[PDB]
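Quick heads-up: it's one chain on its own, the form deposited in one PDB entry, in structure tokens.
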């Protein structure tokens, strides 16, 4: 079943707009063909009603039960100097079930906050596309940027991924925790001074084996481990 996204409800009809109208057209949906539509935290099985140029209305047939991630993870991602890489990180974090995404400004990360705020518009659209593809009805919230220097661990388990520090193995982490905070560096990584402060604050430094990975690969590695164990 194809899945679409809506942020507009009119009675018992879910409305598709702009990009979703185009996506709907591409799928060449049949008159009585059922499809899913994500709206306000749930996936609704629907059938088509109106097919117009700037709008597709979908009749709600059945409201499905929403499956939530087994763990509540907040990813504090140092913005990559190559902004394009964030498209992948945001997409994959969404697929994996991460609940909250916080862009971080660190010593070696992208530095322009204004550009980060603008790019966030695109990142939110990427989250929506990933939600449709992964059949994830709950959004991944993208928050305003925070500076690494101001972070304070507050989750049940708090981790800093660092290839430059002889940290602990993933299995040494509290895998029974239900809430996590994970801090990941940009291409250049974390400076020794930056990471030291984070470790002193209470972030457990984790080292993935056996090699140093690119930022996006490290994100999926740690999140997949935490989400599945």
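In this text, rigid core is short for the largest set of C-alphas that superpose within 1.5 Å between two forms. Positions refer to the first chain, counted from 1.
Comparing 179-187 with 162-170, the one whose average Cα B-factor in the PDB entry is higher: In the deposited entry, the stretch with the higher C-alpha B-factor mean is 162-170.
Looking at the deposited entry, does 59-67 or 23-31 carry the larger mean Cα B-factor? Higher mean C-alpha B-factor: 23-31.
Using the entry's values, work out which of 150, 107, 157, 141 has the largest Cα B factor. If I rank 150, 107, 157, 141 by C-alpha B-factor, first place goes to 107.
Where the record places residue 39 (Cα B-factor, split into thirds across the chain): Residue 39: CA B-factor falls in the lowest third of its chain.
Among the modelled residues of this chain, does the Cα B factor of residue 3 put it in the lowest, middle or highest third? It falls in the middle third of the chain.
Name the third of the chain's ranked CA B-factors that contains residue 145, choosing lowest, middle or highest. Residue 145: CA B-factor falls in the middle third of its chain.
Chain-relative CA temperature factor third for residue 129: CA B-factor rank for residue 129: lowest third.
Pull the Cα B-factor of residue 112 out of the PDB entry and bin it into the chain's lowest, middle or highest third. Highest third, going by the recorded CA B-factors of the chain.
One more form of this protein, deposited in another entry, exists but is not displayed; see below.
Large Cα shift (2 Å or above) at residue 210 between the shown form and the other one, core-fitted: No, the C-alpha position differs by under 2 Å between the shown form and the other one.
Large Cα move at residue 12 between the shown form and the other one, threshold 2 Å, rigid core: After core superposition, the C-alpha of residue 12 moves 2 Å or more between the shown form and the other one.
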